[PDB]
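Undergrad: So that we are looking at the same thing, I have put the structure below in C-alpha cells.
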Amino acid sequence: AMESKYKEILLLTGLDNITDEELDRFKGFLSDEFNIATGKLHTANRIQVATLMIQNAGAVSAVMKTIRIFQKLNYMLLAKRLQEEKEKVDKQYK
C-alpha cells in the first residue's frame with residue numbers, strides 16, 4: 001500500500017541513512033513538527049521513531065515532516081533523496 005511504501009521511504013531512505021549522532025539531532029527537532037513528547041523519543045530506535053511518527057501524523061505527513069526536518073538540519077543531500085523517493089511512490093498512485 002501507499003502507506004507501507006511511504007514508511008519504507010521514511011525508515012530506509014531517511015532514518016537508516018543518518019548516524020546515531022544525527023538521529024539525536026533529528027529527535028531534538030521532532031517536537032517542532034509532531035505532537036509527540038520529546039521524552040518519549042529519547043531512547044527510541046529508528047524503527048520505533050518512524051512508527052511513532054506515522055501513528056501520530058499518518059505516513060504521508062510523516063514523510064513530509066521528515067523531509068522538512070532534514071532541511072532544518074542541513075542534511076540537504078538526504079532531503080533531496082527523500083523528496084525524490086516520495087515523488088516516485090506518488091506516481092504509482094496518481
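Simple scheme: letters A, B, ... for chains in C-alpha cells order, numbers from 1 for residues in each chain, numbers from 1 for ligands in the order shown.
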Can you tell me which residues surround residue 17 of chain A at a distance of at most 12 Å, considering only C-alpha atoms, apart from same-chain residues fewer than 3 positions away, and format the answer as JSON, numbers by chain?
TA: {"A": [9, 10, 11, 12, 13, 14, 20, 21, 22, 23, 26, 46, 70, 75, 77, 78, 79, 81, 82]}
Undergrad: Would you write out those residues with N, CA and C atoms, as a compact mmCIF listing (two decimals), in the first residue's frame?
TA:
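See again33.txt below for the written result:
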# COMPACT_ATOMS: atom_id res chain seq x y z
N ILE A 9 10.26 4.48 2.68
CA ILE A 9 10.98 5.73 2.41
C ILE A 9 11.52 6.41 3.67
N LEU A 10 10.63 6.63 4.63
CA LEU A 10 10.99 7.27 5.88
C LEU A 10 12.14 6.53 6.56
N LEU A 11 11.97 5.23 6.72
CA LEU A 11 12.89 4.42 7.52
C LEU A 11 14.18 4.09 6.79
N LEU A 12 14.08 3.55 5.58
CA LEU A 12 15.24 3.05 4.87
C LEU A 12 16.03 4.19 4.23
N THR A 13 15.33 5.10 3.56
CA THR A 13 15.99 6.21 2.88
C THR A 13 16.27 7.38 3.82
N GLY A 14 15.41 7.57 4.82
CA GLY A 14 15.60 8.62 5.80
C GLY A 14 16.45 8.22 7.00
N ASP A 20 23.99 7.84 14.36
CA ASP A 20 23.40 7.92 15.70
C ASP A 20 23.46 9.34 16.25
N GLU A 21 24.56 10.04 15.98
CA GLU A 21 24.68 11.43 16.40
C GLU A 21 23.60 12.29 15.73
N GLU A 22 23.40 12.08 14.44
CA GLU A 22 22.42 12.84 13.66
C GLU A 22 20.99 12.48 14.07
N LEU A 23 20.79 11.24 14.48
CA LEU A 23 19.47 10.82 14.95
C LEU A 23 19.11 11.58 16.21
N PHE A 26 17.96 14.87 15.02
CA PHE A 26 16.62 14.66 14.48
C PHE A 26 15.58 14.66 15.59
N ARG A 46 15.40 3.67 15.41
CA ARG A 46 14.86 4.19 14.15
C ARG A 46 13.49 3.61 13.81
N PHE A 70 15.03 17.29 7.98
CA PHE A 70 16.32 17.12 7.32
C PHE A 70 16.82 18.45 6.74
N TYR A 75 20.76 18.62 6.20
CA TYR A 75 21.06 17.34 5.57
C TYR A 75 20.46 17.40 4.17
N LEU A 77 21.48 16.74 1.04
CA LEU A 77 21.59 15.58 0.15
C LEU A 77 20.48 14.57 0.44
N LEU A 78 20.28 14.25 1.71
CA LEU A 78 19.28 13.26 2.08
C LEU A 78 17.87 13.79 1.88
N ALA A 79 17.65 15.07 2.15
CA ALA A 79 16.33 15.67 1.96
C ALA A 79 15.92 15.59 0.50
N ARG A 81 17.03 13.33 -1.67
CA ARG A 81 16.77 11.91 -1.92
C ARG A 81 15.40 11.47 -1.43
N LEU A 82 15.00 11.92 -0.25
CA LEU A 82 13.70 11.56 0.29
C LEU A 82 12.58 12.13 -0.57
Undergrad: Could you state the separation of atom CA of residue 36 of chain A and atom CA of residue 85 of chain A in Å, given to one decimal place?
TA: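 Taking atom CA of residue 36 of chain A and atom CA of residue 85 of chain A, their separation equals 25.2 Å.
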Undergrad: With only C-alpha atoms as the basis for distance, which of A:92, A:56, A:83, A:51 is at the shortest distance from residue 33 of chain A?
TA: A:56
Undergrad: Within 10 Å of residue 52 of chain A, counting only C-alpha atoms, which residues qualify if same-chain residues fewer than 6 places away don't, as a ChimeraX atom specification?
TA: /A:34,36,40-41,44,46,58,62
Undergrad: If we count only C-alpha atoms and set the cut-off at 12 Å, which residues sit around residue 61 of chain A, ignoring sequence neighbours fewer than 3 positions away in its own chain? Please answer as a list in words.
TA: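 Final neighbour list, sorted by chain and number: residues 3, 6, 7, 10, 33, 34, 50, 53, 54, 55, 56, 57, 58, 64, 65, 66, 67, 68 and 86 of chain A.
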Undergrad: Give me a file of those residues, with N, CA and C atoms, as a CSV table (one decimal), in the first residue's frame.
TA:
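And here's result.csv as it stands now:
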chain,number,residue,atom,x,y,z
A,3,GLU,N,0.8,3.5,2.0
A,3,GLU,CA,1.3,3.7,3.4
A,3,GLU,C,2.6,3.0,3.7
A,6,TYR,N,5.5,4.6,1.8
A,6,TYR,CA,5.9,5.8,2.5
A,6,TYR,C,6.8,5.5,3.7
A,7,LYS,N,6.4,4.5,4.5
A,7,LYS,CA,7.1,4.1,5.7
A,7,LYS,C,8.5,3.6,5.3
A,10,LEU,N,10.6,6.6,4.6
A,10,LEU,CA,11.0,7.3,5.9
A,10,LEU,C,12.1,6.5,6.6
A,33,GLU,N,7.5,19.5,14.8
A,33,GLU,CA,6.7,19.0,13.7
A,33,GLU,C,5.6,18.0,14.2
A,34,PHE,N,5.9,17.3,15.2
A,34,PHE,CA,4.9,16.3,15.7
A,34,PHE,C,4.5,16.6,17.1
A,50,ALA,N,10.2,6.0,13.6
A,50,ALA,CA,9.3,6.0,12.3
A,50,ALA,C,7.9,5.6,12.6
A,53,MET,N,6.0,8.3,14.6
A,53,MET,CA,5.7,9.4,13.7
A,53,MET,C,4.5,9.1,12.9
A,54,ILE,N,4.4,7.9,12.3
A,54,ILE,CA,3.3,7.5,11.4
A,54,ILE,C,2.0,7.3,12.2
A,55,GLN,N,2.1,6.8,13.4
A,55,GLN,CA,1.0,6.6,14.3
A,55,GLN,C,0.4,8.0,14.6
A,56,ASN,N,1.2,9.0,14.8
A,56,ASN,CA,0.8,10.4,15.1
A,56,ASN,C,0.2,11.1,13.9
A,57,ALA,N,0.9,11.1,12.8
A,57,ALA,CA,0.6,12.0,11.7
A,57,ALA,C,0.1,11.4,10.5
A,58,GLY,N,0.2,10.0,10.4
A,58,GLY,CA,-0.1,9.4,9.1
A,58,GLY,C,1.2,9.4,8.3
A,64,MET,N,6.7,14.0,4.8
A,64,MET,CA,6.8,15.4,4.5
A,64,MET,C,7.6,16.1,5.7
A,65,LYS,N,7.2,15.8,6.9
A,65,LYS,CA,7.8,16.4,8.1
A,65,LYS,C,9.2,16.0,8.3
A,66,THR,N,9.5,14.8,7.9
A,66,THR,CA,10.9,14.3,7.9
A,66,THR,C,11.8,15.0,7.0
A,67,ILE,N,11.3,15.2,5.8
A,67,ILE,CA,12.0,15.9,4.7
A,67,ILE,C,12.3,17.3,5.3
A,68,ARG,N,11.3,18.0,5.9
A,68,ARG,CA,11.4,19.3,6.4
A,68,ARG,C,12.5,19.4,7.5
A,86,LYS,N,9.8,10.0,-2.5
A,86,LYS,CA,8.4,10.3,-2.3
A,86,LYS,C,7.7,10.5,-3.6
Undergrad: Would you mind reading off the distance between atom CA of residue 16 of chain A and atom CA of residue 39 of chain A, one decimal, in Å?
TA: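 Pair atom CA of residue 16 of chain A / atom CA of residue 39 of chain A returns 21.3 Å.
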